[PDB]
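Just upload.cif here, mmCIF, C-alpha atoms and all ligand atoms:
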data_protein
#
loop_
_atom_site.group_PDB
_atom_site.id
_atom_site.type_symbol
_atom_site.label_atom_id
_atom_site.label_comp_id
_atom_site.auth_asym_id
_atom_site.auth_seq_id
_atom_site.Cartn_x
_atom_site.Cartn_y
_atom_site.Cartn_z
ATOM 1 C CA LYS U 1 282.508 -39.191 166.821
ATOM 2 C CA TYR U 2 280.613 -41.003 164.092
ATOM 3 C CA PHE U 3 281.102 -39.908 160.489
ATOM 4 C CA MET U 4 278.575 -40.379 157.658
ATOM 5 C CA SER U 5 278.869 -39.267 154.025
ATOM 6 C CA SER U 6 276.137 -37.939 151.776
ATOM 7 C CA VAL U 7 275.520 -39.559 148.417
ATOM 8 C CA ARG U 8 274.678 -36.346 146.567
ATOM 9 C CA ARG U 9 276.664 -33.141 146.130
ATOM 10 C CA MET U 10 275.449 -29.762 147.428
ATOM 11 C CA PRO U 11 276.766 -26.293 148.444
ATOM 12 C CA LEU U 12 277.927 -25.613 152.016
ATOM 13 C CA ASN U 13 274.655 -23.998 153.170
ATOM 14 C CA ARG U 14 272.695 -27.087 152.193
ATOM 15 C CA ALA U 15 275.448 -29.360 153.614
ATOM 16 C CA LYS U 16 275.228 -27.583 156.980
ATOM 17 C CA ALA U 17 271.432 -27.928 156.869
ATOM 18 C CA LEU U 18 271.683 -31.652 156.226
ATOM 19 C CA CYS U 19 274.023 -32.453 159.139
ATOM 20 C CA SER U 20 272.108 -30.073 161.403
ATOM 21 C CA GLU U 21 268.837 -31.782 160.539
ATOM 22 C CA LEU U 22 270.069 -34.926 162.312
ATOM 23 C CA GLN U 23 271.597 -32.838 165.094
ATOM 24 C CA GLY U 24 275.167 -33.170 163.887
ATOM 25 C CA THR U 25 277.555 -30.818 162.087
ATOM 26 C CA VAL U 26 279.762 -30.915 158.982
ATOM 27 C CA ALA U 27 282.855 -33.008 159.848
ATOM 28 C CA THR U 28 285.885 -31.210 161.271
ATOM 29 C CA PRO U 29 288.979 -33.448 161.660
ATOM 30 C CA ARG U 30 290.917 -32.516 164.819
ATOM 31 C CA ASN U 31 293.898 -34.793 164.102
ATOM 32 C CA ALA U 32 295.292 -37.155 161.458
ATOM 33 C CA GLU U 33 293.243 -40.108 162.705
ATOM 34 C CA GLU U 34 289.935 -38.287 162.315
ATOM 35 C CA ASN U 35 291.109 -36.957 158.947
ATOM 36 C CA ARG U 36 291.632 -40.529 157.674
ATOM 37 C CA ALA U 37 288.264 -41.703 159.024
ATOM 38 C CA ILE U 38 286.441 -38.899 157.157
ATOM 39 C CA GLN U 39 288.482 -39.553 153.988
ATOM 40 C CA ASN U 40 287.431 -43.191 154.181
ATOM 41 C CA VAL U 41 283.711 -42.492 154.475
ATOM 42 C CA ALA U 42 283.875 -39.900 151.676
ATOM 43 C CA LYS U 43 283.796 -41.487 148.206
ATOM 44 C CA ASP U 44 284.794 -38.242 146.487
ATOM 45 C CA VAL U 45 285.782 -34.665 147.368
ATOM 46 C CA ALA U 46 283.690 -33.593 150.374
ATOM 47 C CA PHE U 47 283.109 -30.452 152.467
ATOM 48 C CA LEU U 48 284.582 -30.115 155.964
ATOM 49 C CA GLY U 49 283.099 -27.916 158.728
ATOM 50 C CA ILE U 50 285.816 -25.268 158.408
ATOM 51 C CA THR U 51 285.696 -21.787 156.866
ATOM 52 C CA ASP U 52 287.492 -18.470 156.894
ATOM 53 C CA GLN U 53 284.314 -16.512 156.182
ATOM 54 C CA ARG U 54 284.634 -14.349 159.326
ATOM 55 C CA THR U 55 288.268 -13.363 158.860
ATOM 56 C CA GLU U 56 290.271 -14.140 155.733
ATOM 57 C CA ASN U 57 292.989 -16.774 156.300
ATOM 58 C CA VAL U 58 291.705 -17.469 159.836
ATOM 59 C CA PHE U 59 290.197 -20.937 159.659
ATOM 60 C CA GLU U 60 287.604 -21.955 162.210
ATOM 61 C CA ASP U 61 284.973 -24.636 162.675
ATOM 62 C CA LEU U 62 281.254 -23.931 162.226
ATOM 63 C CA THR U 63 281.025 -22.936 165.901
ATOM 64 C CA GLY U 64 283.689 -20.220 165.696
ATOM 65 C CA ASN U 65 286.511 -22.258 167.219
ATOM 66 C CA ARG U 66 289.851 -21.756 165.518
ATOM 67 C CA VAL U 67 291.222 -24.989 164.091
ATOM 68 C CA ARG U 68 294.640 -26.230 165.163
ATOM 69 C CA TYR U 69 295.214 -29.336 163.073
ATOM 70 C CA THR U 70 295.273 -28.651 159.312
ATOM 71 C CA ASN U 71 296.242 -30.809 156.345
ATOM 72 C CA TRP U 72 296.451 -28.400 153.422
ATOM 73 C CA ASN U 73 297.333 -29.697 149.983
ATOM 74 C CA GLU U 74 300.542 -28.080 148.693
ATOM 75 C CA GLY U 75 299.769 -24.564 147.515
ATOM 76 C CA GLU U 76 296.691 -24.294 149.716
ATOM 77 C CA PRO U 77 294.909 -22.383 151.031
ATOM 78 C CA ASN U 78 295.198 -20.020 148.039
ATOM 79 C CA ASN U 79 291.868 -18.091 148.132
ATOM 80 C CA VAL U 80 291.840 -17.992 144.305
ATOM 81 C CA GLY U 81 289.645 -15.941 142.024
ATOM 82 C CA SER U 82 287.056 -13.882 143.850
ATOM 83 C CA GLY U 83 287.749 -15.942 146.962
ATOM 84 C CA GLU U 84 287.508 -19.408 148.489
ATOM 85 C CA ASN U 85 286.237 -19.474 152.073
ATOM 86 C CA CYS U 86 285.084 -23.066 152.456
ATOM 87 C CA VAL U 87 287.154 -26.241 152.716
ATOM 88 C CA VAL U 88 287.024 -29.661 151.086
ATOM 89 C CA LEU U 89 288.838 -32.896 151.810
ATOM 90 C CA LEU U 90 290.397 -34.215 148.582
ATOM 91 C CA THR U 91 290.460 -37.940 147.681
ATOM 92 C CA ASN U 92 294.067 -38.135 148.980
ATOM 93 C CA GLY U 93 293.077 -36.637 152.334
ATOM 94 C CA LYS U 94 294.681 -33.200 151.881
ATOM 95 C CA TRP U 95 292.536 -30.064 152.026
ATOM 96 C CA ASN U 96 291.682 -27.425 149.444
ATOM 97 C CA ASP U 97 289.903 -24.123 150.088
ATOM 98 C CA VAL U 98 287.005 -23.635 147.642
ATOM 99 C CA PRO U 99 284.038 -21.296 147.019
ATOM 100 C CA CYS U 100 281.284 -22.019 149.553
ATOM 101 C CA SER U 101 278.795 -21.751 146.698
ATOM 102 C CA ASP U 102 280.312 -24.743 144.869
ATOM 103 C CA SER U 103 278.856 -28.254 145.240
ATOM 104 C CA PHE U 104 280.598 -31.247 146.797
ATOM 105 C CA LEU U 105 279.659 -34.270 148.896
ATOM 106 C CA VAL U 106 279.318 -33.659 152.635
ATOM 107 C CA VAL U 107 280.548 -35.700 155.584
ATOM 108 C CA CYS U 108 278.538 -35.146 158.774
ATOM 109 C CA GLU U 109 279.918 -35.789 162.244
ATOM 110 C CA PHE U 110 277.875 -36.922 165.279
ATOM 111 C CA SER U 111 278.799 -37.558 168.908
ATOM 112 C CA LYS B 1 276.713 -51.246 166.644
ATOM 113 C CA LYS B 2 273.644 -49.322 165.555
ATOM 114 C CA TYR B 3 273.591 -45.586 166.134
ATOM 115 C CA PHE B 4 270.355 -43.594 166.187
ATOM 116 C CA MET B 5 269.842 -39.902 165.412
ATOM 117 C CA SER B 6 266.620 -37.878 165.486
ATOM 118 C CA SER B 7 265.569 -35.220 163.023
ATOM 119 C CA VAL B 8 264.644 -31.706 164.073
ATOM 120 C CA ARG B 9 261.736 -31.194 161.672
ATOM 121 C CA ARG B 10 258.662 -33.310 160.986
ATOM 122 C CA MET B 11 257.913 -34.902 157.633
ATOM 123 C CA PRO B 12 255.919 -37.739 155.977
ATOM 124 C CA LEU B 13 257.494 -41.209 155.678
ATOM 125 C CA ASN B 14 258.770 -40.895 152.103
ATOM 126 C CA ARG B 15 260.682 -37.732 153.068
ATOM 127 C CA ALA B 16 261.918 -39.472 156.232
ATOM 128 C CA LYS B 17 263.231 -42.305 154.071
ATOM 129 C CA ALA B 18 264.992 -39.827 151.772
ATOM 130 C CA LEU B 19 266.590 -38.021 154.721
ATOM 131 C CA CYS B 20 268.069 -41.172 156.295
ATOM 132 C CA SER B 21 269.188 -42.546 152.899
ATOM 133 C CA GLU B 22 270.926 -39.233 152.130
ATOM 134 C CA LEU B 23 273.502 -40.161 154.790
ATOM 135 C CA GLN B 24 273.352 -43.832 153.788
ATOM 136 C CA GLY B 25 271.233 -44.852 156.768
ATOM 137 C CA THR B 26 267.658 -46.091 157.104
ATOM 138 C CA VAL B 27 264.586 -45.184 159.166
ATOM 139 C CA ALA B 28 265.110 -46.730 162.617
ATOM 140 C CA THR B 29 263.707 -50.240 163.060
ATOM 141 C CA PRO B 30 264.024 -51.563 166.648
ATOM 142 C CA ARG B 31 264.732 -55.311 166.714
ATOM 143 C CA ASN B 32 264.347 -55.656 170.488
ATOM 144 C CA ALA B 33 263.557 -53.684 173.679
ATOM 145 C CA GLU B 34 267.119 -52.372 174.085
ATOM 146 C CA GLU B 35 267.018 -50.767 170.640
ATOM 147 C CA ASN B 36 263.473 -49.541 171.286
ATOM 148 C CA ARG B 37 264.753 -47.755 174.397
ATOM 149 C CA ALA B 38 267.782 -46.390 172.500
ATOM 150 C CA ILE B 39 265.420 -44.798 169.981
ATOM 151 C CA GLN B 40 263.313 -43.439 172.875
ATOM 152 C CA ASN B 41 266.438 -41.727 174.222
ATOM 153 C CA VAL B 42 266.892 -39.707 171.011
ATOM 154 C CA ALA B 43 263.264 -39.043 170.048
ATOM 155 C CA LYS B 44 261.946 -35.995 171.924
ATOM 156 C CA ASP B 45 258.485 -36.418 170.402
ATOM 157 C CA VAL B 46 256.468 -38.975 168.383
ATOM 158 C CA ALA B 47 258.700 -40.270 165.602
ATOM 159 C CA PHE B 48 258.546 -42.572 162.567
ATOM 160 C CA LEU B 49 260.000 -46.101 162.663
ATOM 161 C CA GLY B 50 261.005 -47.986 159.487
ATOM 162 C CA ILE B 51 258.015 -50.332 159.542
ATOM 163 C CA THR B 52 254.873 -50.556 157.365
ATOM 164 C CA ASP B 53 252.063 -52.948 156.458
ATOM 165 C CA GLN B 54 251.743 -51.332 153.053
ATOM 166 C CA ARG B 55 252.230 -54.670 151.206
ATOM 167 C CA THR B 56 249.596 -56.696 153.066
ATOM 168 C CA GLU B 57 247.371 -55.184 155.734
ATOM 169 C CA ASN B 58 248.368 -56.292 159.240
ATOM 170 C CA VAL B 59 251.657 -57.813 158.058
ATOM 171 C CA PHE B 60 254.382 -55.460 159.240
ATOM 172 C CA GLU B 61 257.709 -55.318 157.459
ATOM 173 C CA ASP B 62 260.756 -53.108 157.673
ATOM 174 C CA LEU B 63 261.506 -50.775 154.740
ATOM 175 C CA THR B 64 263.430 -53.532 152.941
ATOM 176 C CA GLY B 65 260.366 -55.803 152.941
ATOM 177 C CA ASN B 66 261.635 -57.987 155.748
ATOM 178 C CA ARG B 67 258.791 -59.106 158.047
ATOM 179 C CA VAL B 68 259.422 -57.829 161.585
ATOM 180 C CA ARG B 69 259.499 -60.038 164.636
ATOM 181 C CA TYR B 70 259.700 -57.721 167.663
ATOM 182 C CA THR B 71 256.748 -55.331 168.106
ATOM 183 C CA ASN B 72 255.773 -52.987 170.951
ATOM 184 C CA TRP B 73 252.257 -51.859 170.033
ATOM 185 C CA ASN B 74 250.442 -49.406 172.290
ATOM 186 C CA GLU B 75 247.271 -50.933 173.762
ATOM 187 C CA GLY B 76 244.572 -50.919 171.081
ATOM 188 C CA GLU B 77 247.121 -50.765 168.259
ATOM 189 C CA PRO B 78 247.491 -51.480 165.405
ATOM 190 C CA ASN B 79 243.934 -50.333 164.659
ATOM 191 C CA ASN B 80 244.187 -49.192 161.028
ATOM 192 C CA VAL B 81 241.759 -46.285 161.492
ATOM 193 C CA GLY B 82 239.835 -44.688 158.651
ATOM 194 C CA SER B 83 241.185 -44.844 155.123
ATOM 195 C CA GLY B 84 244.121 -46.702 156.647
ATOM 196 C CA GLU B 85 247.231 -46.355 158.768
ATOM 197 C CA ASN B 86 250.116 -48.247 157.200
ATOM 198 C CA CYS B 87 253.147 -46.596 158.779
ATOM 199 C CA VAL B 88 254.365 -46.759 162.353
ATOM 200 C CA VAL B 89 255.539 -44.231 164.954
ATOM 201 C CA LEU B 90 257.188 -44.584 168.361
ATOM 202 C CA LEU B 91 255.008 -42.755 170.905
ATOM 203 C CA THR B 92 256.627 -40.780 173.756
ATOM 204 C CA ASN B 93 256.077 -43.740 176.107
ATOM 205 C CA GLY B 94 257.999 -46.072 173.783
ATOM 206 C CA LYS B 95 254.939 -47.973 172.546
ATOM 207 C CA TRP B 96 253.978 -47.981 168.872
ATOM 208 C CA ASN B 97 251.017 -46.591 166.961
ATOM 209 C CA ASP B 98 250.116 -47.260 163.325
ATOM 210 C CA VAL B 99 249.531 -43.962 161.486
ATOM 211 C CA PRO B 100 248.874 -42.671 157.970
ATOM 212 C CA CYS B 101 252.114 -42.667 155.963
ATOM 213 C CA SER B 102 251.194 -39.208 154.685
ATOM 214 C CA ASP B 103 251.141 -37.607 158.166
ATOM 215 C CA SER B 104 254.239 -35.789 159.466
ATOM 216 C CA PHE B 105 256.365 -36.769 162.472
ATOM 217 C CA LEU B 106 260.008 -36.505 163.525
ATOM 218 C CA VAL B 107 262.181 -39.288 162.129
ATOM 219 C CA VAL B 108 264.846 -41.351 163.804
ATOM 220 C CA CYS B 109 267.547 -42.613 161.427
ATOM 221 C CA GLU B 110 269.649 -45.689 162.053
ATOM 222 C CA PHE B 111 273.267 -46.263 161.009
ATOM 223 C CA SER B 112 275.731 -49.065 161.728
HETATM 224 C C1 LIG R 1 294.744 -23.124 141.153
HETATM 225 O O1 LIG R 1 293.759 -23.322 142.187
HETATM 226 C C2 LIG R 1 293.420 -24.658 142.434
HETATM 227 O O2 LIG R 1 292.646 -25.227 141.374
HETATM 228 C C3 LIG R 1 291.347 -24.616 141.184
HETATM 229 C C4 LIG R 1 290.678 -25.335 140.023
HETATM 230 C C5 LIG R 1 290.523 -24.677 142.479
HETATM 231 O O3 LIG R 1 290.220 -26.023 142.808
HETATM 232 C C6 LIG R 1 291.309 -24.053 143.632
HETATM 233 O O4 LIG R 1 290.594 -24.221 144.847
HETATM 234 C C7 LIG R 1 292.654 -24.752 143.754
HETATM 235 O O5 LIG R 1 293.400 -24.141 144.792
HETATM 236 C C1 LIG R 2 241.631 -43.822 168.038
HETATM 237 O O1 LIG R 2 242.821 -44.025 167.245
HETATM 238 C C2 LIG R 2 243.983 -43.507 167.814
HETATM 239 O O2 LIG R 2 243.963 -42.078 167.881
HETATM 240 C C3 LIG R 2 243.959 -41.406 166.596
HETATM 241 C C4 LIG R 2 243.956 -39.909 166.876
HETATM 242 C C5 LIG R 2 245.171 -41.839 165.755
HETATM 243 O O3 LIG R 2 246.370 -41.356 166.347
HETATM 244 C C6 LIG R 2 245.212 -43.366 165.639
HETATM 245 O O4 LIG R 2 246.384 -43.772 164.946
HETATM 246 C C7 LIG R 2 245.199 -43.996 167.023
HETATM 247 O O5 LIG R 2 245.127 -45.405 166.887
HETATM 248 CA CA CA R 3 289.431 -17.482 152.035
HETATM 249 CA CA CA R 4 292.121 -23.361 146.758
HETATM 250 CA CA CA R 5 247.516 -50.805 158.090
HETATM 251 CA CA CA R 6 246.491 -46.337 165.054
HETATM 252 CL CL CL R 7 283.642 -18.588 149.320
#
So, in terms of structure tokens, how does the structure I just supplied come out?
Ligand SMILES: CO[C@@H]1O[C@@H](C)[C@@H](O)[C@@H](O)[C@@H]1O
Ligand SMILES: CO[C@@H]1O[C@@H](C)[C@@H](O)[C@@H](O)[C@@H]1O
Ligand SMILES: [Ca+2]
Ligand SMILES: [Ca+2]
Ligand SMILES: [Ca+2]
Ligand SMILES: [Ca+2]
Ligand SMILES: [Cl-]
Amino acid sequence: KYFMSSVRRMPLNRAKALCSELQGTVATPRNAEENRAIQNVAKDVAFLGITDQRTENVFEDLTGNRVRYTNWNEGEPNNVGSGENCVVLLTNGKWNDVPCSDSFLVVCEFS
Amino acid sequence: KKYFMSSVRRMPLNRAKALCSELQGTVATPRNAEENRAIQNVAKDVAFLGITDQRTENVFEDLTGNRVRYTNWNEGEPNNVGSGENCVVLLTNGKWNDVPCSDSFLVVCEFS
């Protein structure tokens, strides 16, 4: 896998469109090594290709595959307010669930 | 190493540049036959290369203004037809054709 970060921030729908445009997908770390690699390419908080939009508290990648490895920041995922169904990788590498409509950088993953 | 990825949609060169730069890459510029073939492998149809003679006609440079060395022009190219063709695309046979920068084609981005 090759990981590339965007320079501008955008909501998940636009982030998915960007990675998909170059025939990739929003980055989904499958282990601690991939998590670090994505963290490194991301210069700020960035979206990951994981959501619980289909079933609340059931996190899966953008292709419907349930994720096994997770790295939630303490207290996460908390689905606060009216709900947080998207996921971002914080600058310390831990994850936070956030509203999919919010804007963050995006890290795309290619094979 | 250099990695190449092709777009799904077609767009003019300035948009192609913006797409590749969005992910901190550039429009693919083959420096030799191996790279030319690597780009061929990812481009399913005619696609833009990061080369233009916009500065001086018939002097081809990459997008950073660096004069290119390796070229693989299709027979009869570059012909600068009509009002001008100052951008370059990789044809489906791997050879190059100069085309109007305002025309739309797939784009192959390069990252390293
Ligand atoms: C208290 O909730 C935390 O802080 C909020 C400002 C949001 O970033 C939320 O995702 C996070 O879990
Ligand atoms: C005759 O010129 C050739 O055919 C035209 C349709 C254009 O594609 C032009 O770039 C090419 O050199
Ligand atoms: Ca949720
Ligand atoms: Ca949260
Ligand atoms: Ca020309
Ligand atoms: Ca031509
Ligand atoms: Cl949400």
Checklist entry - For residue B:80, which residue among B:36, B:54, B:66, B:92 is the nearest when counting all atoms listed in the file? => result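 For residue B:80, the nearest of the given residues is B:54.
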Checklist entry - Could you tell me, as a ChimeraX atom specification, which residues have any atom at most 10 Å from (249.9, -33.8, 159.7), counting all atoms listed in the file? => result /B:10-12,100-105
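Using only C-alpha atoms, the contacts of stretch 70-87 of chain U at a cut-off of 6 Å, with sequence neighbours closer than 3 positions omitted, comprise residues 47, 48, 50, 51, 52, 53, 94, 95, 96, 97, 98, 99 and 100 of chain U.
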Next on the checklist: the PyMOL selection byres ((chain B) within 8 of (chain U)) - which residues does that actually catch in the file I just gave you? List them as an MDAnalysis selection string.
Outcome noted: chainID B and resid 5:9 22:24
Item to check | Expansion of the PyMOL selection byres (((not hetatm)) within 8 of (chain R and resi 6)) into residues, as a PyMOL selection string | outcome: chain B and resi 76-81+85+97-99
Checklist entry - Mind pulling up the distance from atom CA of residue U:65 to atom CA of residue B:19? => result 28.3 Å
Item to check | d(atom CA of residue B:108, atom CA of residue U:37) in Å | outcome: 23.9 Å
Checklist entry - What is the atom CA of residue U:11-atom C4 of ligand LIG 1 (chain R) distance in Å, reported with one decimal? => result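 Atom-to-atom, atom CA of residue U:11 to atom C4 of ligand LIG 1 (chain R), that is 16.3 Å.
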Next on the checklist: Using only C-alpha atoms and all ligand atoms, which residues of the polymer chains come no farther than 6 Å from ligand CA 5 (chain R)? I'd like the answer as a PyMOL selection string.
Outcome noted: chain B and resi 53+57-58+80+84-86
Output of the PyMOL selection byres (((chain U and resi 89-93) around 6) and not hetatm), listed as a PDB file with C-alpha atoms, in the frame of the given file:
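What landed in out17.pdb:
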ATOM      1  CA  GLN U  39     288.482 -39.553 153.988  1.00  0.00           C
ATOM      2  CA  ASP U  44     284.794 -38.242 146.487  1.00  0.00           C
ATOM      3  CA  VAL U  45     285.782 -34.665 147.368  1.00  0.00           C
ATOM      4  CA  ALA U  46     283.690 -33.593 150.374  1.00  0.00           C
ATOM      5  CA  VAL U  88     287.024 -29.661 151.086  1.00  0.00           C
ATOM      6  CA  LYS U  94     294.681 -33.200 151.881  1.00  0.00           C
ATOM      7  CA  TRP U  95     292.536 -30.064 152.026  1.00  0.00           C
TER       8      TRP U  95
END
Checklist entry - Any idea what's packed within 8 Å of residue B:48, counting all atoms listed in the file, ignoring anything in its chain fewer than 3 positions away? Could you give it as a list in words? => result residues 13, 16, 27, 28, 87, 88, 89, 90, 105, 106, 107 and 108 of chain B
Next on the checklist: Using all atoms listed in the file for the distances, tell me which of U:54, U:30, U:66, U:16 is nearest to ligand CA 3 (chain R).
Outcome noted: U:54
Next on the checklist: Set the distance at 9 Å and use all atoms listed in the file: which residues neighbour residue B:33 once local chain neighbours fewer than 6 positions away are removed? I'd like the list as a ChimeraX atom specification.
Outcome noted: /B:70-72
So that I have them on file, write out the residues from the current selection with C-alpha atoms, as a tab-separated table (two decimals), in the coordinates of the input.
chain	number	residue	atom	x	y	z
B	70	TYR	CA	259.70	-57.72	167.66
B	71	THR	CA	256.75	-55.33	168.11
B	72	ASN	CA	255.77	-52.99	170.95
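You can rank B:69, B:61, B:44, B:49 by their closest distance to residue B:29 using only C-alpha atoms, and at the top of that list sits B:49.
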Checklist entry - From the set U:33, U:109, U:56, U:102, which residue has the shortest atom-to-atom contact distance to ligand CA 3 (chain R), counting only C-alpha atoms and all ligand atoms? => result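 Smallest separation from ligand CA 3 (chain R) among the options: U:56.
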Kindly complete stretch 93-111 of chain B to N, CA and C atoms; the output should be written as an mmCIF file, in the coordinates of the input.
data_model
loop_
_atom_site.group_PDB
_atom_site.id
_atom_site.type_symbol
_atom_site.label_atom_id
_atom_site.label_comp_id
_atom_site.auth_asym_id
_atom_site.auth_seq_id
_atom_site.Cartn_x
_atom_site.Cartn_y
_atom_site.Cartn_z
ATOM 1 N N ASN B 93 255.962 -42.765 175.033
ATOM 2 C CA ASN B 93 256.077 -43.740 176.107
ATOM 3 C C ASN B 93 256.793 -44.998 175.596
ATOM 4 N N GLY B 94 257.293 -44.937 174.360
ATOM 5 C CA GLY B 94 257.999 -46.072 173.783
ATOM 6 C C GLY B 94 257.151 -47.087 173.027
ATOM 7 N N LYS B 95 255.839 -47.049 173.230
ATOM 8 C CA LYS B 95 254.939 -47.973 172.546
ATOM 9 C C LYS B 95 254.694 -47.468 171.132
ATOM 10 N N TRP B 96 254.213 -48.348 170.264
ATOM 11 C CA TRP B 96 253.978 -47.981 168.872
ATOM 12 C C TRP B 96 252.525 -47.707 168.514
ATOM 13 N N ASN B 97 252.349 -46.891 167.480
ATOM 14 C CA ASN B 97 251.017 -46.591 166.961
ATOM 15 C C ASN B 97 251.099 -46.636 165.434
ATOM 16 N N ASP B 98 250.122 -47.265 164.783
ATOM 17 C CA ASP B 98 250.116 -47.260 163.325
ATOM 18 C C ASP B 98 249.466 -45.920 162.910
ATOM 19 N N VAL B 99 250.038 -45.257 161.920
ATOM 20 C CA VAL B 99 249.531 -43.962 161.486
ATOM 21 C C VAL B 99 249.558 -43.841 159.966
ATOM 22 N N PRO B 100 248.861 -42.828 159.421
ATOM 23 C CA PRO B 100 248.874 -42.671 157.970
ATOM 24 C C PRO B 100 250.287 -42.290 157.516
ATOM 25 N N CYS B 101 250.786 -42.953 156.478
ATOM 26 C CA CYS B 101 252.114 -42.667 155.963
ATOM 27 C C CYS B 101 252.271 -41.224 155.489
ATOM 28 N N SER B 102 251.153 -40.587 155.152
ATOM 29 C CA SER B 102 251.194 -39.208 154.685
ATOM 30 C C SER B 102 251.251 -38.156 155.801
ATOM 31 N N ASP B 103 251.073 -38.565 157.054
ATOM 32 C CA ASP B 103 251.141 -37.607 158.166
ATOM 33 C C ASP B 103 252.605 -37.320 158.521
ATOM 34 N N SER B 104 252.864 -36.168 159.132
ATOM 35 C CA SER B 104 254.239 -35.789 159.466
ATOM 36 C C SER B 104 254.632 -35.995 160.919
ATOM 37 N N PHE B 105 255.836 -36.516 161.128
ATOM 38 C CA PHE B 105 256.365 -36.769 162.472
ATOM 39 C C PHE B 105 257.879 -36.616 162.382
ATOM 40 N N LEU B 106 258.551 -36.561 163.532
ATOM 41 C CA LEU B 106 260.008 -36.505 163.525
ATOM 42 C C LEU B 106 260.417 -37.871 162.972
ATOM 43 N N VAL B 107 261.688 -38.024 162.653
ATOM 44 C CA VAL B 107 262.181 -39.288 162.129
ATOM 45 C C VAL B 107 263.472 -39.634 162.838
ATOM 46 N N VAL B 108 263.612 -40.903 163.187
ATOM 47 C CA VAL B 108 264.846 -41.351 163.804
ATOM 48 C C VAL B 108 265.530 -42.226 162.731
ATOM 49 N N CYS B 109 266.765 -41.876 162.399
ATOM 50 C CA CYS B 109 267.547 -42.613 161.427
ATOM 51 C C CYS B 109 268.482 -43.558 162.176
ATOM 52 N N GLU B 110 268.800 -44.650 161.510
ATOM 53 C CA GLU B 110 269.649 -45.689 162.053
ATOM 54 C C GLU B 110 270.849 -45.906 161.138
ATOM 55 N N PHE B 111 272.025 -46.042 161.741
ATOM 56 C CA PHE B 111 273.267 -46.263 161.009
ATOM 57 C C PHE B 111 274.055 -47.320 161.766
#
